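In structure tokens, the next block holds one chain alone, the form deposited in one PDB entry.
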């Protein structure tokens, strides 16, 4: 078990034997572009590295096998990364998003630990045996901060230093080592930022840093070298290898570097998701992003109410809490030209339209269970009947309101007609109605019809691309891009009141979150909201978000109130379409290619 050095340079993570020389070759990796930060798990014999050109964090065994991209979403510049080898967690710092995030070595249960008051955090060093994490911030007045490995107890450890890199922990002597890139020095301190000593003051430009036994190894971008020296006096310097320009990270791969123990290593602290280390040598259970910790301090609960705004290449989730949690990009693959989204709160599964692939797809929030429900046919918008478990959606090609089941089997075409172009759709199954836009040439309109295409009337005629609906407020909302404004009305058609119409360029989406009206401006790249109770007024939620496509609010499904709808219990006995009448009973109906039968429930052909 011979100790050796490992360093990243361009697209090569390479190995340099310390004692004598052997295996001075690169680690056989396939798709590396710009390797940066490095760490390892010595018992699993695996290496972990980041990539800026790819915006990824990958892991692979020492022989290049089992190369997998652990983190591949929501990364901008992961210049720092470290491995919790006891709790088996992966920490990293991003200077583009300015946040320190944690997950597992597998990659699941990604959580943001620090996100406030961060100014470009880069170097990262962990100490799970004591429950502390240390990092360096390169922003205005750079500094070195310490926090508990769950994000709490964050203080400033070194305030006077310059831009620090190569933060390395000597666990035996209990000391910190780092390099000052502005004064071009190598310094050390104790675990509290005190007893500060200057290890080396005459080096050209030390950059990366690591420590092993009584020796300190550093890189030099001026001399383009890897050197080592006595960690105490700073002398007995030898050049390990030269002609190495722009070596990003460097470290010693040896078991003695990863010792210690906490409860997370023994039993994962009996936590459901994350086990994070805290002082002193203790632990607390952590949850995925947007998840909350239950009363047992062990299990995590997914968020029940939230927002979902999707752009051309991503689908994101917003959460409103007092701590102002950051938005999360849902790790769903094969997202090309997204145009609409919806969500089923019963099975808790997300649905969306993909225009490029030209299909409607569903998947869980973590990305699992990818299922294609319909696949020429150009779907435009969609809306879910969560009671009949149906999806109503318009087609841009056939110009038709078509309805399909969640399992993919079509119930049939509900609306069709010449000189008709139905685009946006929203369903109100509590009242058995559906509202949609009809963009006829030189004649737009907003129409309502029953969930079977009958009782088709015209609601809004003159003065005019997305509809929102709220039954609690009894209000219908829409937004026009030509006139560039947003309007509201009642479900019956009365009180057509114009909302805030100024400072709007190109509205695309609308939803109702509690007593608020969220809408997205695509060209202005904004997510805003209007207070529905008329108290706080117009407010900007987020600015400069490109390629926006849709937004969808999600309230928690009260299953007690859900089971009360007669359309939900075996579809009210109706094959196909169940309709709710004024009195509250049900009445069956069917698409245009079928006809109701004697039992007033089933349907079929005719002759």
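Positions refer to the first chain, counted from 1. We call the rigid core the largest set of C-alpha positions that still match within 1.5 Å between the two forms.
The discussion below concerns the form deposited in another entry, not included here.
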| property | result |
| --- | --- |
| Displaced residue between this form and the one not shown, judged on C-alpha after the rigid core is fitted, out of 72, 263, 396, 531 (threshold 2 Å or more) | 263 |
| Residue 570 C-alpha shift between this form and the one not shown of 2 Å or more, rigid core reference | yes |
| Shift of residue 318 between this form and the one not shown at or above 2 Å (CA, core fit) | no |
| CA of residue 540, rigid core aligned, shift of 2 Å or more between this form and the one not shown | no |
| Shift in CA distance, residue 456 and residue 583, in the other entry relative to the form shown here, given it is 3 Å or more | closer |
| Cα distance between residue 40 and residue 265, which in the other entry differs by 3 Å or more from this form, closer or farther | farther |
